[PDB]
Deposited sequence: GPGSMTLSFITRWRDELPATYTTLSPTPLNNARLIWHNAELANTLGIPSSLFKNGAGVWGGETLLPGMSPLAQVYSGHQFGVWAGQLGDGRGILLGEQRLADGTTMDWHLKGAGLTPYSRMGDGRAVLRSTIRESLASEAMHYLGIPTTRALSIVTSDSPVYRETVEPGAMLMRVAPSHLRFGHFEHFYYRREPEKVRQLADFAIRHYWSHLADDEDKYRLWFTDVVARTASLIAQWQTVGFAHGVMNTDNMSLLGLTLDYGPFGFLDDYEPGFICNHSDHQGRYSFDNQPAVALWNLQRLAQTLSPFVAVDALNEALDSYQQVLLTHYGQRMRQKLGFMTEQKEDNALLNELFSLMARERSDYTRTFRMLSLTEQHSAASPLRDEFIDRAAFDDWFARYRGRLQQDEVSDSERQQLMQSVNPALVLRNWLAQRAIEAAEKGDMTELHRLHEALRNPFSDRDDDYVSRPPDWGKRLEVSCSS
């Protein structure tokens, strides 16, 4: 009843190795995304480890591990690849889409290098939670379909349970795919990848008419738009290597990510990021550097000037998405020239007071235009800003009522803070999945107001 195709396998030879998953010991399904499975047409009976732990294949699957390369922390790292995941197959849906089924943690691969080919329970739970949270925030992302755990030992800093995440995504094409064949001096493979991407994901681009220029221009636009969205909700990726940049502009590879709590422009959650290369505030600059590295691979067949003209549009596109989203976050229904100084004043104020990001904007969503109605060390400086802020809201013509309603639709009540995920991971390891299911449910309504500790500070 499910339709899989062998598109990547048939059309992109020599980009992969065919292999099957390596099952874990006593693997069992612990969580599956019931909403997504209905969207995908998956029979519910399939969840009663099977395919979710790589122990069986569904008809039409032809599993393979893709090769790719990357710049890691700004330095060429050579060949990477699907070192601990398997593309099981590509599913065609009724709307004409294809969805990759990628099993993360499926075992050793020719691209595992010196790693064990496994994932652990805590990292797969964090990835599932964050990817689902990002989707309900309206931010392009890979999706999480299932998690299996096992009694198989996997060693990181402690001994942990081996686990697998079934990831689904429209594509796993990364900037690092193009780099891989460019620095192998195989410029025709690079063009083949670009042609494959345009044929399946940009099919309105009529063949040859400025094909690659308009395509790359749009690739720049989607990555600028993704970063703008991260910035407004306080998402720090942590590992923006070129092999983790989705060509389509989806959030990809959830490792040492972090949703901002205290507002900290130079916030770093990657423990190995010594220089803060992937600090929250460098994400705009880093994404542009990643696009420049992609632009280098395309120069064999795209005029180097049209490449730089696409790269020059990055800042305006990022600024437009960012500015429009923040103005909704600030309740600015029109556009006054007081708006930039007002925001810059708030952020510099928020950074000196270490205000909680999500809470600051959610509380600001209760603002009444004519009312001046204590989380700051310098209340005098807030009332001064809050007054000049409120005077600008008066110009907006619009009511108190549904200015607050617009703000509550763009300022989340709940985000996935590190301590919420950790609580679900702890209970999960003890064999209690209630907190993991509870947290998943809450994250499907990030803009609803809450009674419980899902909107609170980390206890500390």
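Absent C-alpha positions map to the deposited sequence ranges 1 to 5, 54 to 55, 381 to 384, 472 to 482, in order along the chain.
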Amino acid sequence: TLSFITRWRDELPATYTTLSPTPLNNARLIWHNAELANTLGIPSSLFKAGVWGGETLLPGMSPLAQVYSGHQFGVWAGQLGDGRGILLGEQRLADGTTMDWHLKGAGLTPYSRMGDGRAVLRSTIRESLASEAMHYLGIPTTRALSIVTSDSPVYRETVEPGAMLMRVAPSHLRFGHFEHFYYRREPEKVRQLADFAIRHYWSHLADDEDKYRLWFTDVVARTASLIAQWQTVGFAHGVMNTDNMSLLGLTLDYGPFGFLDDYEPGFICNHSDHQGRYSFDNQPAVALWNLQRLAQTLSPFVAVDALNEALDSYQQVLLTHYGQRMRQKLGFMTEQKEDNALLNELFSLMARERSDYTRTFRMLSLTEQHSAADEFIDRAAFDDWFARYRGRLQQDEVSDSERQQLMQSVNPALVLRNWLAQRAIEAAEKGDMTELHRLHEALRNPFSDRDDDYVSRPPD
From here on, numbers count along this sequence of modelled residues.
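When the two stretches 333 to 341 and 75 to 83 are set side by side, the higher mean Cα temperature factor goes to 333 to 341. The mean Cα B-factor in the deposited entry runs higher for 429 to 437 than for the other of 429 to 437 and 39 to 47. As recorded in the entry, 262 carries the highest CA temperature factor of 262, 116, 132, 243. You'll see in the entry that, of 207, 218, 100, 127, the Cα B factor peaks at 207. In the deposited entry, the Cα temperature factor of residue 91 sits in the bottom third of values across the chain's modelled residues.
The entry lists a Cα temperature factor for residue 9 that places it in the lowest third of the chain's modelled residues. The deposited CA B-factor of residue 411 belongs to the middle third of values across its chain. In this PDB entry, residue 294 carries a Cα temperature factor that places it within the lowest third of its chain's modelled residues. Ranked by C-alpha B-factor against the other modelled residues of its chain, residue 419 falls in the highest third.
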